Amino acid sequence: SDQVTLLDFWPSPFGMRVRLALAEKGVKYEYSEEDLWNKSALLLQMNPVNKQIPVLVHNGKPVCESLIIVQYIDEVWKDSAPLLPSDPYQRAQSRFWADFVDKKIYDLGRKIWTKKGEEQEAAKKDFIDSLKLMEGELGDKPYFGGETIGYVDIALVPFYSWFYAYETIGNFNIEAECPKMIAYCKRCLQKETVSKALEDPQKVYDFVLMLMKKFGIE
């Protein structure tokens, strides 16, 4: 009747974003695993600008970038509640915080396990401040999108999959500094859509241990 395809790689938090969006909005689709070393002809022709995953393919037209995909899902499949607020203002706030996750959480998270020594130390410090800022925005609400899970939650919660990696490689403990965030991420894991879309934390960690060796930054 139209069909959709998601080109993804199991441990990508960016890909889990789109997996969760599609779940929440009830969209049926086939999932196509990729090899980041052996990129498919489909991948190259669908995202010829970045040759990266995820890519949502809708009736033969591609959409690139996890966050933009989510928004597209949200604007095209409207049988379920919107994931972004309808109010211009709040929506602007969601975009900011969903974006905050890319610019801060991912960027600093990646430095924790790629960098070393004092630099790695710096990366851990900013990482925690960033989570705390997000903790502020969450306040007392059950989700970032209020009583319902919404855009920002979809942006944020896939990264729990990578928390164990960070902590272990970076030698710090998140829950210690951010009890409220961890509690949030667990309250989310109990949603079936969330637990399914996410991947196993120690499976993720092994995969990073492997990655570190193939680049020599052990």
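Residues carry their position along the shown sequence, with the first being 1.
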Comparing mean C-alpha B factor in the record for 32-40 and 157-165, the higher one is 32-40
Quick tally, chain-level thirds of C-alpha B-factors: residue 16 sits in the lowest
So, residue 79's CA B-factor, relative to its chain, sits in which third? The highest
By the entry's values, the third containing the CA B factor of residue 66 is the lowest
Split the chain's modelled residues into thirds by Cα B-factor; residue 128 lands in the middle
Chain-relative C-alpha B factor for residue 114 (record values, thirds): the highest
